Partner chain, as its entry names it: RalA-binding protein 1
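First, one chain by itself in structure tokens, the form solved without the partner chain.
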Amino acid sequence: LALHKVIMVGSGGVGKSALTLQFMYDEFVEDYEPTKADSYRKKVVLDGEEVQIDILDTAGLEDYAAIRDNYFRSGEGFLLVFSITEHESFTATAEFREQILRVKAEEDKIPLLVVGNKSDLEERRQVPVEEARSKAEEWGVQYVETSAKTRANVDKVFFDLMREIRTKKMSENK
């Protein structure tokens, strides 16, 4: 059993928790769960391999001075999630990107995945999907569109992330 910890990193006020709920109950509902140290654990099969997945949502980390870094150093994988309706998200999210390597200066292969919610609004999309893939590709990841309201491809970023870890992280070569 491979216990992989995913950190919902982002700008600071997008909606990472949203994708967090959809992956847990596959249902769009507002309840707001207080976070401080409590994480979510469950078992899911991966191409014929049952591994553990620990999710830990992170609120506005743009408040703490360095306490925020802890949330990133407490996890192996990272998920940079932002919103298309908020051009401020994609920008701030870019800043955190560099912060990820800081907490993992000892590590080499750093698993990451970028995604943009609010995709349910193709008419209110300010950031072109193609433009988001190119910029994000620089970091070494693939960007995808998702809708926390349709819960269609929300789980895609969760499963794909883990797969990237078992392959890239365990590689330590390529």
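Residue numbers count along the first chain shown, from 1.
One more form of this protein should be noted, the form deposited with the partner chain bound, which is absent from this view; the next part is about it.
Heavy atoms within 4.5 Å of the partner chain in the entry with it bound are found in exactly one of 125 to 133, 110 to 118, 22 to 30, 142 to 150, that being 22 to 30. Looking at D47, you'd find every heavy atom of it more than 4.5 angstroms from the partner chain in the entry with it bound. Among residues of the shown chain, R41 is one whose heavy atoms approach the partner chain to within 4.5 Å in the entry with it bound.
Looking at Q99, you'd find every heavy atom of it more than 4.5 angstroms from the partner chain in the entry with it bound.
In the entry with it bound, the partner chain stays beyond 4.5 Å of every heavy atom belonging to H87.
Shown here without its partner, the chain carries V9, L79 and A105, none of which come within 4.5 Å of the partner chain in the entry with it bound through any heavy atom.
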